[PDB]
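Peer 1: when you get a sec, could you give me coordinates for this:
(2 chains, ligands or ions: 10)
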Amino acid sequence: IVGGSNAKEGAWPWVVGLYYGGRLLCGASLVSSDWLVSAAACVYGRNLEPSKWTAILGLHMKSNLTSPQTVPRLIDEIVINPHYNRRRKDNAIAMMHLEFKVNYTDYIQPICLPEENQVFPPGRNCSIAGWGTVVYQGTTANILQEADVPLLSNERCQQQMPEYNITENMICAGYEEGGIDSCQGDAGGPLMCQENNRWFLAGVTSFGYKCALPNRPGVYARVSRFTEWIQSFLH
Amino acid sequence: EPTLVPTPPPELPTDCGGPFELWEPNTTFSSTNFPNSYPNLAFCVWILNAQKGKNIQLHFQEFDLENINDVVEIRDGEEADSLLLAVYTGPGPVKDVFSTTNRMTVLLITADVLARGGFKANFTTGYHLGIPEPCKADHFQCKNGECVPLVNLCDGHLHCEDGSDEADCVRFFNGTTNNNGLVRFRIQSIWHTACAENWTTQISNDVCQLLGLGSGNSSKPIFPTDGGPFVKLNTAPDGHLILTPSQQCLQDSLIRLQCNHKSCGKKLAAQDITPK
Ligand SMILES: *[C@@H]1O[C@H](CO)[C@@H](O[C@@H]2O[C@H](CO)[C@@H](O[C@@H]3O[C@H](CO)[C@@H](O)[C@H](O[C@H]4O[C@H](CO)[C@@H](O)[C@H](O)[C@@H]4O)[C@@H]3O)[C@H](O)[C@H]2NC(C)=O)[C@H](O)[C@H]1NC(C)=O
Ligand SMILES: *[C@@H]1O[C@H](CO)[C@@H](O[C@@H]2O[C@H](CO)[C@@H](O[C@@H]3O[C@H](CO)[C@@H](O)[C@H](O[C@H]4O[C@H](CO)[C@@H](O)[C@H](O)[C@@H]4O)[C@@H]3O)[C@H](O)[C@H]2NC(C)=O)[C@H](O)[C@H]1NC(C)=O
Ligand SMILES: *[C@@H]1O[C@H](CO)[C@@H](O[C@@H]2O[C@H](CO)[C@@H](O[C@@H]3O[C@H](CO[C@H]4O[C@H](CO)[C@@H](O)[C@H](O)[C@@H]4O)[C@@H](O)[C@H](O)[C@@H]3O)[C@H](O)[C@H]2NC(C)=O)[C@H](O)[C@H]1NC(C)=O
Ligand SMILES: *[C@@H]1O[C@H](CO)[C@@H](O[C@@H]2O[C@H](CO)[C@@H](O[C@@H]3O[C@H](CO[C@H]4O[C@H](CO)[C@@H](O)[C@H](O)[C@@H]4O)[C@@H](O)[C@H](O)[C@@H]3O)[C@H](O)[C@H]2NC(C)=O)[C@H](O)[C@H]1NC(C)=O
Ligand SMILES: *[C@@H]1O[C@H](CO)[C@@H](O[C@@H]2O[C@H](CO)[C@@H](O[C@@H]3O[C@H](CO)[C@@H](O)[C@H](O)[C@@H]3O)[C@H](O)[C@H]2NC(C)=O)[C@H](O)[C@H]1NC(C)=O
Ligand SMILES: *[C@@H]1O[C@H](CO)[C@@H](O[C@@H]2O[C@H](CO)[C@@H](O[C@@H]3O[C@H](CO)[C@@H](O)[C@H](O)[C@@H]3O)[C@H](O)[C@H]2NC(C)=O)[C@H](O)[C@H]1NC(C)=O
Ligand SMILES: *[C@@H]1O[C@H](CO)[C@@H](O[C@@H]2O[C@H](CO)[C@@H](O[C@@H]3O[C@H](CO)[C@@H](O)[C@H](O)[C@@H]3O)[C@H](O)[C@H]2NC(C)=O)[C@H](O)[C@H]1NC(C)=O
Ligand SMILES: *[C@@H]1O[C@H](CO)[C@@H](O[C@@H]2O[C@H](CO)[C@@H](O[C@@H]3O[C@H](CO)[C@@H](O)[C@H](O)[C@@H]3O)[C@H](O)[C@H]2NC(C)=O)[C@H](O)[C@H]1NC(C)=O
Ligand SMILES: *[C@@H]1O[C@H](CO)[C@@H](O[C@@H]2O[C@H](CO)[C@@H](O[C@@H]3O[C@H](CO)[C@@H](O)[C@H](O)[C@@H]3O)[C@H](O)[C@H]2NC(C)=O)[C@H](O)[C@H]1NC(C)=O
Ligand SMILES: *[C@@H]1O[C@H](CO)[C@@H](O[C@@H]2O[C@H](CO[C@@H]3O[C@H](CO)[C@@H](O)[C@H](O)[C@@H]3O)[C@@H](O)[C@H](O)[C@H]2NC(C)=O)[C@H](O)[C@H]1NC(C)=O
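Peer 2: Numbers count the residues shown, from 1 in each chain, chains lettered A, B, ... in the order given. Ligands and ions are numbered 1, 2, ... in the order given. What follows is the structure:
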């Protein structure tokens, strides 16, 4: 987001937007025909009114959605991960269900959930995207932006930010010299890394100390430890 | 010299709540002051104790707060781990909350403005309050508690009352990975193979579809390692599959399938080529 580059149409078909009251608030990703994944932090205290959430698929530009590529959708059921406390900011994953199935096309693709016994060593480049602000004091009203950030270990993250209970359920990423940090604005953006011509899901955007500050890596929720929970009701 | 006018500032550090632990004899309670308002920037925790093996049912007689800045959290743990259970906020009546443990935690979080009346609770204890009546006459136990002798277990219809019996009686015994394993089917109570003597590619594709996977990749048999109650599977004119029980048979062969992974998020978009 911050310091990134503008993306083209169809670059990331699995990135979808979520609206609430006519304003963009949080991001989401497509998992199956009628399921979505998003950070549980942004969807909190609003789970009693599912009808007020509007789902947009194939979102590329915020100018007008009259083009035959945006399919409006509504959320029928919202599921929040039981292991959440809003104190340690640990395990914030939420699941959203669409009212009707959406046919797969060229501009609509799902994400590939990681399997068990998969190890991603630090230092591998992974891509990020979102519609968040880029000036840290404004908003973004343009096409989707993309950027690439390295991977950092848990010990390095604890050493750089000794102010939170990092534990082993969190993923940290970001350059040591700063410059690019997509933890502001869009907190529902997915963390995507590829493996031999197939893009998987690596993490879910979470809280952060402050974007672009040196030695301030981001926070992302682990997905390999929640694959079974998602597949339980993936259907 | 003093810039601040001689008026009392808010000056409300910490929480300054109320009672923390209660028991059965006292049920109804209000947070701070139900008739008028509650203090801002407060965080009070109530612990509902109960006898071992008994559930707790909570009800609210009145519940009128603000918008969404203030929320109420109910947890069944607060010892080593807890679950969000149910969270209610905003004006309007709320439903009762059931807990599977013998200890319930209630939390209140408020902002610095927009004080409201508050809420009052209704403490009730019992046995299996959130669990429906167990099934009788050896009927099938469903998710919603409905009892039916035999209208389920992967029948060729949806006669079950719930209508959500989408589970399939197919699983990989032993195997080498998730996508590789011996195919077994359970007609009524016993899992067994499908007699791949007349196995074809269409049957493999149908089986892979039933397992939420791709198409038929490999269908090479090895030998009948298991001596289970073999039943016969054969093609049908329609889109279904017919499984004929043919137990007590010799000269058979098992099924070894490796269904390909489903198509997923590969960048199949016809991106233009930049002449640079
Ligand atoms: C997602 O994909 C699914 C399937 O992949 C798709 O379902 C299709 O919906 C269209 C709706 O327009 C179906 O087309 C109709 O089919 C019915 C079948 O009886 C016909 O009656 C319709 O009209 C015919 O008959 C009329 C009689 O007077 C004729 O006048 C007319 O000329 C037609 O011949 C019409 O053809 C289509 O059959 C299904 N697909 C399948 C495989 O059944 C769905 O629309 C897609 N989109 C969404 C949002 O789900
Ligand atoms: C899934 O995998 C399991 C294990 O991988 C498998 O169970 C195994 O079945 C085989 C036969 O199909 C068993 O092999 C026999 O086991 C007995 C009892 O353990 C042994 O006594 C046998 O040894 C014979 O040979 C010895 C040397 O000559 C003699 O001294 C002896 O008396 C016997 O004659 C033979 O090894 C094997 O033990 C089990 N394994 C376990 C852990 O039980 C199962 O069949 C597989 N299922 C499917 C559907 O593939
Ligand atoms: C929403 O945003 C979209 C961007 O993703 C817009 O799509 C494209 O918008 C451009 C705007 O310049 C269009 O380019 C023009 O297209 C017209 C053809 O449409 C008109 O054609 C005749 C005149 O020839 C007219 O009589 C018709 O009534 C049409 O109004 C060309 O004539 C122009 O020279 C120019 O090239 C793209 O065509 C358009 N593409 C698509 C696929 O829509 C979209 O327009 C935006 N929607 C709104 C309401 O603003
Ligand atoms: C909710 O129900 C509870 C019962 O399950 C109530 O707790 C009991 O309330 C009665 C009513 O006052 C108390 O009776 C008093 O007991 C004291 C003796 O306890 C004093 O000494 C001990 C130390 O030994 C000290 O810890 C206590 O704090 C007291 O200072 C008598 O002196 C009094 O005359 C009176 O009889 C019970 O003591 C009390 N139970 C316990 C275990 O303390 C509770 O009050 C109910 N909630 C409300 C808001 O009323
Ligand atoms: C992950 O992405 C980073 C992007 O930050 C990659 O870093 C890039 O690495 C290349 C190879 O060393 C750098 O190229 C350099 O170009 C200068 C030009 O004069 C040359 O003198 C150097 O010898 C070197 O070839 C590049 O500057 C650098 N940064 C970029 C592209 O922004 C990294 O290679 C990627 N892969 C990893 C970390 O495994
Ligand atoms: C992250 O979370 C972990 C686990 O919650 C924290 O580790 C815990 O830290 C406390 C210190 O406040 C440890 O208590 C101490 O244990 C030693 C054991 O010998 C004892 O001698 C001390 O008197 C004290 O009681 C605790 O053992 C330790 N582990 C657990 C499981 O609680 C950690 O502090 C948090 N923060 C960071 C930056 O890691
Ligand atoms: C995993 O990585 C390997 C890298 O070796 C990928 O293999 C490469 O796949 C592409 C197609 O996706 C091949 O391009 C095609 O090559 C043929 C000639 O073999 C040419 O006629 C076509 O027009 C097209 O350019 C590429 O050659 C191939 N690389 C090698 C060394 O064979 C593979 O696709 C990746 N994904 C997997 C295995 O799922
Ligand atoms: C919340 O607290 C109130 C305070 O007592 C509880 O009200 C009591 O509820 C029971 C069960 O509904 C009532 O007993 C029933 O009365 C009806 C007649 O209205 C009778 O037909 C039934 O056979 C049964 O005996 C009881 O009368 C009622 N108390 C009063 C004073 O009317 C309420 O149950 C609590 N809610 C929960 C969920 O615990
Ligand atoms: C069953 O699934 C496996 C997935 O591992 C399929 O393996 C893949 O097969 C294709 C086609 O043979 C391989 O493409 C390569 O194309 C180049 C083009 O010259 C050729 O030189 C290679 O020898 C190879 O054929 C692909 O690399 C391979 N994937 C892996 C990871 O090895 C297999 O094809 C599937 N079975 C059927 C019947 O499709
Ligand atoms: C599984 O595959 C085997 C192998 O093809 C099938 O066994 C063949 O069965 C046919 C059936 O014989 C019938 O004979 C009638 C006259 O008596 C005739 O009117 C009818 O059309 C049919 O031909 C037999 O001819 C073959 O000789 C059998 N093949 C072998 C190798 O024994 C078997 O039916 C298949 N089972 C299925 C599809 O469920």
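Peer 1: any part of the strand or helix carrying residue B:61 near chain A?
Peer 2: Using DSSP states H and E, the element containing residue B:61 is strand B:55-64. No - counting by Cβ under 8 Å from any Cβ of the partner chain, chain A is not contacted by strand B:55-64; separation bottoms out at 11.8 Å. C-beta: built from backbone N, CA, C; applies to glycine.
Peer 1: hmm, that strand in reach of ligand 8?
Peer 2: Yes - judged by Cβ under 6 Å from any ligand atom, strand B:55-64 comes into contact with ligand 8 at residue B:59.
Peer 1: which elements pack onto that strand?
Peer 2: Under the contact definition 3 or more Cβ pairs under 8 Å, 6 or more residues apart in numbering or on different chains; DSSP states H and E, strand B:55-64 sits against strand B:97-99, strand B:103-109, strand B:118-126.
Peer 1: which residues touch the helix or strand following the longest one?
Peer 2: Using DSSP H and E, the helix or strand that follows strand B:118-126 towards the C-terminus is strand B:140-141. Where contact means Cβ atoms under 8 Å, 6 or more residues apart in numbering or on different chains, the residues beyond strand B:140-141 that reach it are B:134, B:135, B:147, B:148, B:149, B:150, B:151, B:152, B:153, B:160.
Peer 1: and with 7 Å instead?
Peer 2: Strand B:140-141 has contacts (Cβ atoms under 7 Å, 6 or more residues apart in numbering or on different chains) with B:135, B:147, B:148, B:152.
Peer 1: just the buried members of the residues you listed?
Peer 2: Neighbour counting with 16 or more other Cβ atoms under 10 Å in any protein chain shown marks B:147, B:148, B:152 as buried within these.
Peer 1: does the last one touch residue B:165 like I think?
Peer 2: Right, residue B:152. Yes - using Cβ atoms under 7 Å, residue B:152 is in contact with residue B:165, at 5.1 Å.
Peer 1: before we move on, back to that, just the closest of the buried ones among the contacts of strand B:140-141 to residue A:77, please.
Peer 2: Nearest to residue A:77 out of the buried ones among the contacts of strand B:140-141 is residue B:152 (Cβ to Cβ; 23.7 Å).
Peer 1: and residue B:24, what does it touch?
Peer 2: With Cβ under 7 Å, 6+ apart, residue B:24 has these contacts: residue B:125.
Peer 1: ok so, going back, mind putting the contacts of strand B:140-141 in a markdown table, distance to ligand 3 included?
Peer 2: Conversion of the contacts of strand B:140-141 to a markdown table gives the following (distance: Cβ to the nearest ligand atom, whole Å):
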| residue | distance to ligand 3 |
| --- | --- |
| B:135 | 57 |
| B:147 | 57 |
| B:148 | 54 |
| B:152 | 50 |
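Peer 1: relative to ligand 2, how far out is the closest residue to chain A within the stretch 151-276 of chain B?
Peer 2: Residue nearest to chain A within the stretch 151-276 of chain B (Cβ to the nearest Cβ): residue B:269, separated by 2.9 Å. Residue B:269 is 44 Å from ligand 2, where distance means Cβ to the nearest ligand atom, to the nearest Å.
Peer 1: what do you get for residue B:84?
Peer 2: Residue B:84 is 40 Å from ligand 2, by Cβ to the nearest ligand atom.
Peer 1: what's the burial count for residue A:226?
Peer 2: 20 (other Cβ atoms under 10 Å in any protein chain shown).
Peer 1: same deal with residue B:123?
Peer 2: 20.
Peer 1: and residue A:123, by the same measure?
Peer 2: Neighbours of residue A:123 (other Cβ under 10 Å): 9.
Peer 1: repeat for residue A:23
Peer 2: 7.
Peer 1: in the sheet, who's paired with it?
Peer 2: residue A:20 (DSSP bridges).
Peer 1: circling back: which of the helices and strands packed on strand B:55-64 sits closest to ligand 3?
Peer 2: strand B:103-109 (42.8 Å; Cβ to the nearest ligand atom).
Peer 1: tell me the angle of that closest one relative to strand B:55-64?
Peer 2: Angle, strand B:103-109 to strand B:55-64, by axes from the mean of the first three to the mean of the last three Cα atoms, to 10 degrees: 20 degrees.
Peer 1: how about residue B:265, what does it touch?
Peer 2: A:13, A:14, A:109, A:110, A:111, A:112, A:199.
Peer 1: swap in residue B:152?
Peer 2: Applying Cβ under 7 Å, 6+ apart, we find residue B:152 in contact with B:140, B:160, B:165.
Peer 1: with residue A:154 instead?
Peer 2: The neighbours of residue A:154, taking Cβ under 7 Å, 6+ apart as the test, are A:166, A:168.
Peer 1: still on that earlier bit, how about the strand holding residue B:61: buried residues?
Peer 2: Buried residues in strand B:55-64 (16+ other Cβ under 10 Å): B:55, B:56, B:57, B:58, B:60, B:63.
Peer 1: for stretch B:33-49, same thing?
Peer 2: B:38, B:39, B:42, B:44, B:45, B:46, B:48.
Peer 1: any part of stretch B:8-24 near ligand 8?
Peer 2: No - Stretch B:8-24 stays clear of ligand 8 (Cβ under 6 Å from any ligand atom), getting no nearer than 12.3 Å.
Peer 1: just the CA coordinates of that stretch, formatted as CSV?
Peer 2: Provided in CSV are the C-alpha atoms of stretch B:8-24 (Å, rounded to 0.1, in the frame of the first residue of the first chain):
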residue,chain,number,x,y,z
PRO,B,8,-13.7,19.2,39.0
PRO,B,9,-12.0,17.3,36.1
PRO,B,10,-13.2,13.8,35.2
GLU,B,11,-10.2,12.2,36.9
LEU,B,12,-11.3,8.6,36.6
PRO,B,13,-8.2,6.4,36.5
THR,B,14,-8.4,2.5,36.6
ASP,B,15,-11.9,1.0,36.5
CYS,B,16,-13.6,1.3,39.9
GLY,B,17,-16.3,-1.4,39.2
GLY,B,18,-18.1,-3.5,41.7
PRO,B,19,-18.6,-7.1,42.8
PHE,B,20,-16.4,-9.7,41.1
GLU,B,21,-17.7,-13.2,42.2
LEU,B,22,-21.2,-14.3,43.1
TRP,B,23,-23.1,-17.5,43.5
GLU,B,24,-26.6,-19.1,43.2
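Peer 1: next, see if it gets close to ligand 4.
Peer 2: Yes - for stretch B:8-24 and ligand 4, the contact criterion (Cβ under 6 Å from any ligand atom) is met by residue B:23.
Peer 1: just to revisit the earlier point, I'd like the buried ones among the contacts of strand B:140-141 as TSV, with secondary structure and distance to residue A:19 appended.
Peer 2: TSV is the format used below for the buried ones among the contacts of strand B:140-141 (DSSP: H, G, I helix; E, B strand; the rest coil; distance: Cβ to Cβ, whole Å):
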residue	secondary structure	distance to residue A:19
B:147	strand	44
B:148	strand	43
B:152	coil	40
